[PDB]
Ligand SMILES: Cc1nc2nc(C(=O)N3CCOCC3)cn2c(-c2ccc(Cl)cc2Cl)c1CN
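First, one chain by itself: the form solved without this ligand, in C-alpha cells.
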C-alpha cells in the first residue's frame, strides 16, 4: 500500500546515513567540521569554540580538498588541484597558512605536482616527495634540503611505493617513517629495472585524434620482482655546505639467499627500530631489532634479537604478518600469532629470549590490538555468544591475566553488535562506533571508570523517514556439514510467509579470509531487490573463510578453485530443501574474485542454477600479480605446482555453458584485473558456439565508480534479472 525502496532511491541517495568524524589533537580535545567551520571540543564538558572560520576559506581563491594541522597548532596545510592515480595515489598542490599572524606564506613554496607530504610527530617539520626524491624543510619560511639524487620515472622510487607494494603489501602510497620525537627519518627505495610492462589503450576526450597507450611495470606470476633497500637519515645535522648522509640497514643472512620482501616498519623508542622481512615463498618470516651507536654513528643489528615465524600448513598471517606493540621502555612487546590449535591470540615477548607466553586462549580469534597503557591492554574480539560476525571491545589487566572485562557487551544488546573504537593520545577518552544490526550510533566515554559521557549521533532523522517505507529484514543462522558449523545470511522480503515460494539470488565473494555473513546494517542494491521485486538474497561462508580457525582457512592451500566452488553449490541445495525457495528460479552473481567463482559454478554442470552475472572476473591465474597468486598457489614451474595452474582455468569449461544464461561486464581501462582476462573468456565461448551477452565500459577502472557509469551498470543488471525470473 505504502511506498517501497526503489532503484531511484538507491541511485539518487534519497535516504542518507550521517556520520561523526573527529581528529584527536591532544589528550583532552578533538576537532570537528560543521557548516565548513573547524571547531575545538572539550571532551570532559562538551564545551566548544571556533578554531577557523569559513570566511578565510573564501578569500584563498581556490577550492580546498583537504587540510592538515601541525601538532603544535601554529600552521595549517591546504591541498588543492587533486588528480587521482591508482587507488591510494594522487598529485596535488599545497600552500601553508600561519595561524598566529593570520597570513599566507609566499617564500620558498612547495612545488607543484607533489606526490606526498607529511608532518613530524612533534614540532613543525615537513617532508615531501617531488619527482621521486625526498626533501625536508625545518621551517616553512626557510628553503629545503635535498636527500636523494637517484630518482627516475618508472625505474627508481624514493619515499613512495610501486604498484605491487601499494596494492598488495603496504596498502598505502607512503614509504616514509618519522622518529617518535622527530630526530630521524627512515625511507625505502624500490628498483624496477627488469620488471615487465603491461600496455593498454586510453581514448580520453572526443577531441583526441590518436589514442594513447599506458605502460605500467606489472609482475605476473613467475616473473621478475622489484628489489628493496632501507635507509635512515639524521635531520638535526643537516647543513647547506655539504650533502646529507644516509646509513643502510642490511637484510639478515637468511633472506639474502633469494628473493624477499619488506613487510612492516615500526619505531620502538627514540633510538630503536624494528623491521620484518618475508621470503618469496611466503611461509617464513624474520623480525629484526636494531639500535644506534653514538661512537660510530651506525646502526647495529645483532643475532640474539631476531625472532622467526613460520607455518607448516599454509602462509604467515591473514594477509601479512602482524605489527608489534612495544612498551614505553622498549624491552618487550605484544603481538598476535596462531597457537597450536590454530586460533590467533596475543602472546607476550622479550627482546632477548626466544619463547613467549600466551595471555589469551579459547575457540575464538582476536582481531586487533587498539591501545596499550601501563596497566591495561585493549583489544577487539568475537567471543560473545559464539558469533563470528560480532565485534566487541575488551580490556585485560597486565598484573593478573584472569581479570577480563567487556566494555561494550551490554550497552544496547538488541540494537548494537558490531563495534569499533578510536582512542586519544594517552587513552583517557575513547569513542565507540556501532554499525550494528540496527541504526548506527556514536558515543563518547571516559576510561577512568568506564562512564558514558554523552551521545554524539543517533540517526533520529533517518528513523522518522523510514517509518513510512516498507523495508526488508535480515536473518543470521548456520548449517552443519561433516559435523562442522557454517554460517549464512538472508535478506527477506516484507510480510514474509513460509508457505509461499520465492525466487533466490546468491551473492558470492568467497575469497581467502573473507566474511559475507555479519551483523552490519546496509542500504544497497540488495535492498531494492527484496523490497520491490520480492527476491531473497543470501550469502554463505564456507571453506577458505576467515575468523574461524586455521583448519577452515587453510583448506584451499595450493588448490584454489576447488573447495570454495563446491561449497556454494551444496549451500544452494540445502536452501532448496527449505519450503520457501523455488527450485526453478535460482541465480548467482559476483565481482572480481566473485566473478571467477560465478564462472566456475555455471560451468560445473550441476544443473542447479539458471542465470548468472560476472563483473570483471579472473580467468587464468597466470594473468594475475605475483604477490597475491604465489601466496596461495606457489610458482608456475614444473617442479612446483604447475599442473594445478592448468586445471583451474575458466576457458576449459566453455562447453557446459550451453545450459545456462550468462552476462559478462568489464572495463577497458581496468588496471587491477586486466581486460585481457575477459577477452579470453569470450574467445573460448565463441569457438565452441555458446550464446551469451557482453558489455564494455570505456575508460573505466576496476571499481566503475564514475557517477554516470555507476547508474548505467545497475540499471542494465536489473533488467537481466527480471527477464530471467
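Numbering follows the first chain given and starts at 1.
Unshown form deposited with this ligand bound; subsequent notes refer to it.
Novice: Looking at 488-496, 585-593, 370-378, 457-465, which stretch has residues with any non-hydrogen atom within 4.5 Å of this ligand in the bound PDB entry?
Specialist: Only one stretch qualifies here: 585-593.
Novice: Could you confirm whether residue 621 comes within 4.5 Å of this ligand in the bound PDB entry, counting heavy atoms only?
Specialist: Residue 621: yes, in contact with this ligand in the bound PDB entry.
Novice: Considering non-hydrogen atoms and a 4.5 Å limit, does this ligand approach residue 167 in the bound PDB entry?
Specialist: It does: once this ligand is placed as it appears in the bound PDB entry, residue 167 has a heavy atom within 4.5 Å of it.
Novice: Looking at the partner-bound form in the bound PDB entry, is residue 509 within 4.5 Å of this ligand by any heavy atom?
Specialist: Taking the distances in the bound PDB entry, the answer for residue 509 is yes, it comes within 4.5 Å of this ligand.
Novice: Answer yes if any heavy atom of residue 660 is within 4.5 Å of a heavy atom of this ligand in the bound PDB entry; otherwise answer no.
Specialist: No, residue 660 is distant from the partner.
Novice: Which of 673, 69, 684, 664 has a heavy atom within 4.5 Å of this ligand in the bound PDB entry?
Specialist: Residue within 4.5 Å of the partner: 673.
Novice: Could you work out which of 220, 87, 501, 305 is the residue within 4.5 angstroms of this ligand in the bound PDB entry, going by heavy atoms?
Specialist: So the residue touching this ligand in the bound PDB entry, by this definition, is 87.
Novice: Going by heavy atoms, what in 463-486 lies within 4.5 angstroms of this ligand in the bound PDB entry?
Specialist: If the 4.5 Å heavy-atom criterion is applied to this ligand in the bound PDB entry, 463-486 yields nothing.
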